[PDB]
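To begin, one chain is listed below as structure tokens, in the form deposited in one PDB entry.
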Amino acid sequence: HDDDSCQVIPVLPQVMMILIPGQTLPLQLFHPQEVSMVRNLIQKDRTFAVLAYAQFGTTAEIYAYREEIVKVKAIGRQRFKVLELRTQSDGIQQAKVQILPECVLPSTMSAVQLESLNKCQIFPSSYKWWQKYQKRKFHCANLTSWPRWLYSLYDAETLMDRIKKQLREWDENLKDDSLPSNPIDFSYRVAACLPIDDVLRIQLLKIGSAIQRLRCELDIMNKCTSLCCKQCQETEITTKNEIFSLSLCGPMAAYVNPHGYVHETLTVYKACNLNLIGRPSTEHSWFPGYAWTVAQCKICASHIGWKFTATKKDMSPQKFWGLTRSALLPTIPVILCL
């Protein structure tokens, strides 16, 4: 579309969600009113509107359409602000939408670049390397009223490595396509893969620039080092340090239960103040080798996740915990900055 267009887009009715650009939502449309829309959509723009509930949301574009009922799969693309809402008789809802802004900015030193220096800006393809990176990319900081290290705090490529390095303390694993190269894309991945609650998510989606959004996500990863029960708010479950990745998968992948319920499940070494419900089992144990025991807040008995315990004696770790993103609330043991 256009970064600040006013477009109209149909709303998947009962669907309710925060959709981060670049997330896929699987949908099964059976009510007849709905399947009609999907039909029109897929013949036309193939994009509907996922609302935040609230005057915000994301557009979702369809990349998979199978009629059995209509079964679809959409990717999130653009964030918007609701302007109007036609709740037509059919039961579907049309929406006047303002596309929120993805400001893309040049390098900080682009304007202050000394012509003579322009033929050194291409660099030839580790602490020392990034020390030189900053000494060379921001050399022309001497022409301004600010120092080099300040400009690094707004330099997309630095911000991103800063984020990678932390994310690696959670998953000694990949470092290549593992994460995107476009600040915008990378910014959006981080948001959907941090252990944050929907409000934090909504903040990042309301941020206008990929640079401001990376700075934010960094602030989240540096200040909200404690994860509490979202429901009673008075129970610290686990701390940033205890995050790890059981397999390549990652530290909070999405797993499916025998009933299609999905669970972004952050694996942590130790959790606290949790009561265990029942006897361990192994059915559909997402982590083959350990058994699961349901876990809940000792104060409000809200579901937090499971406790995985090793069947064998070889395996390490012997115990760990899986906590589902929707139960958790990040907390600062002070605001988040742009």
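Note that residue numbering follows the sequence shown and begins at 1. For clarity, a rigid core is taken as the largest C-alpha set superposing within 1.5 Å between two forms.
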Does residue 92 go missing in at least one third of the other entries compared here?
-> yes
Counting the other entries of this protein, is residue 275 left out in at least a third of them?
-> yes
With respect to the deposited sequence, how many residues separating residue 269 from residue 270 are not represented by coordinates: none, 1 to 3, 4 to 9, or 10 or more?
-> none
Of the two stretches 146-154 and 245-253, which shows the higher Cα B-factor on average in the entry?
-> 245-253
Selected stretch [higher average CA B-factor]: 311-319 or 19-27 = 311-319
Kindly indicate the residue among 163, 207, 120, 75 with the greatest C-alpha B-factor in the PDB record.
-> 120
Please work out which residue in 41, 274, 60, 300 has the highest C-alpha B-factor recorded for this crystal structure.
-> 41
By its CA B factor, does residue 50 count among the lowest, middle or highest third of the modelled residues in the chain?
-> middle
Once the chain's modelled residues are ordered by C-alpha B factor and cut into thirds, is residue 175 in the lowest, middle or highest one?
-> highest
Rank-wise, by C-alpha B-factor, drop residue 133 into the lowest, middle or highest third of its chain.
-> lowest
By the record's CA B-factor, is residue 93 among the lowest, middle or highest third of residues in the chain?
-> highest
Grab the CA temperature factor for residue 32 from the record and place it in the lowest, middle or highest third of its chain.
-> highest
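From this point on, the text means the form deposited in another entry, which you will not see here.
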For residue 136, is the CA shift between this form and the one not shown at least 2 Å following rigid-core superposition?
-> no
Hey, does residue 98 budge by 2 Å or more at the Cα between this form and the one not shown once the core is superposed?
-> yes
Core-aligned C-alpha movement of residue 82 between this form and the one not shown reaching 2 Å = yes
